[PDB]
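**Q** From the sequence below, what's the structure:
(one chain, ligands or ions: 2)
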Amino acid sequence: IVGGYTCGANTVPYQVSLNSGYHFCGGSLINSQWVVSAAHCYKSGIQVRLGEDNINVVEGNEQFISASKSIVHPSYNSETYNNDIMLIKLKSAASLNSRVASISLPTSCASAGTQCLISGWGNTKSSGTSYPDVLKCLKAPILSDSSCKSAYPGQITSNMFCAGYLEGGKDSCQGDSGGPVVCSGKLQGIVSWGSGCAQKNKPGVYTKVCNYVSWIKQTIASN
Ligand SMILES: N=C(N)c1ccc(O[C@H]2CO[C@H]3[C@@H]2OC[C@H]3Oc2ccc(C(=N)N)cc2)cc1
Ligand SMILES: [Ca+2]
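**A** Numbers count the residues shown, from 1 in each chain. Ligands and ions are numbered 1, 2, ... in the order given. Below you will find the coordinate block:
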């Protein structure tokens, strides 16, 4: 997260860290047994880390649970990042508490201008690299589809949306991938792509979760 702030320990209780000997992506707890992340975060051998604040220190509220299954969206396209969503099943159900809690799926798509909270342990620099150990947060509004598509002509599909700031300075970034965009108490987005980070007229692009809620629900019910 570039231009954001320290969230505070466990203030984003649905945020998870995907770990394969190291943090490599974020994700969102949508119920005690399942996480939503980005398809581009796919890898084998994932451990889901819940209740995390400092990902390099055991602070006492962590739950480490291995994935039992990954499901990349049937139509994910790695060339264009279209349908950039994946489901991860936890080997054992998370124990829910104040610091480990699920986030609601939406029932409608969000309107331009709605404020959202985006979070993650991604790069905090727009130029160069710096990776933080505690979770960072950013408030960002959903941008008009026309400003989104004009920023990235030919490359935004109706399964994507832009949020952030055209002026730059404030954005998600590498390492935030797969993490949540939560708006009005619902998971409306997943950190997906962008050109660099916090660059002018290049806002973040996010997987439009409202277009996937029936797939999510059908898939989890059948697995
Ligand atoms: N694992 C690989 N080899 C891999 C997978 C995905 C890659 O690139 C895609 C395209 O861009 C995304 C995604 O992962 C890296 C980059 O992460 C972000 C996240 C946020 C923003 C933004 N809000 N400005 C920009 C890029 C590349 C290699
Ligand atoms: Ca920790």
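**Q** Which residues does the helix or strand hosting residue 146 contact?
**A** Here residue 146 sits within helix 145-151, counting by DSSP states H and E. Contacts to helix 145-151, defined as CB atoms under 8 Å, 6 or more residues apart in numbering, come from residues 112, 156, 160-162, 166, 201-203, 205. Any C-beta I mention is one placed from the backbone N, CA and C, and that applies to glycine too.
**Q** can you map out the helices along this structure?
**A** Remark: helices assigned in the chain by DSSP state H are 145-151, 213-221.
**Q** So which of these is nearest residue 83?
**A** Among the helices of the chain, the nearest to residue 83 by CB to CB is helix 213-221 (9.2 Å).
**Q** So which elements touch that closest one?
**A** Applying 3 or more CB pairs under 8 Å, 6 or more residues apart in numbering; DSSP states H and E, we find helix 213-221 packed against strand 23-31, strand 86-90.
**Q** So is the longest one next to ligand 2?
**A** What that stands for is strand 23-31. No: using CB under 5 Å from the ion, strand 23-31 never reaches ligand 2; the gap is at least 10.3 Å.
**Q** is that strand up against ligand 1 anywhere?
**A** No: using CB under 6 Å from any ligand atom, strand 23-31 stays clear of ligand 1, coming no nearer than 8.2 Å.
**Q** just checking, what packs against that strand?
**A** Judged by 3+ CB pairs under 8 Å, 6+ apart, strand 23-31 is in contact with strand 15-19, strand 34-37, strand 47-50, strand 180-183, strand 186-193, helix 213-221.
**Q** residue contacts, the most centrally placed residue in the chain?
**A** Closest to where the C-alpha atoms of the chain average out (CA atoms, centre = their mean) is residue 179, at 1.7 Å. Residue 179 makes contact with 15, 25-28, 37, 118-120, 122, 172, 190-191 under the criterion CB under 8 Å, 6+ apart.
**Q** Okay, the closest residue to it other than its chain neighbours and ligand 1: tell me how far apart.
**A** Distances taken as CB to CB, 6 or more residues apart in numbering place residue 26 nearest to residue 179, at 2.6 Å, with adjacent residues excluded. Separation of residue 26 from ligand 1 (CB to the nearest ligand atom, to the nearest Å): 10 Å.
**Q** right, and residue 26 touches residue 136 too?
**A** No: Residue 26 is beyond contact range of residue 136, at 10.6 Å (criterion: CB atoms under 8 Å).
**Q** The two - which one has more neighbours?
**A** A count of neighbours by other CB atoms under 10 Å puts residue 26 above the other of residue 26 and residue 136, at 29 against 23.
**Q** Return the residues in contact with that one.
**A** Per CB under 8 Å, 6+ apart, neighbours of residue 26: 15-18, 37, 119-122, 175-180, 191.
**Q** which parts of this structure sit against ligand 1?
**A** Within reach of ligand 1 by CB under 6 Å from any ligand atom, the chain has these residues: 40, 171-174, 176-177, 191, 193-194, 197, 204.
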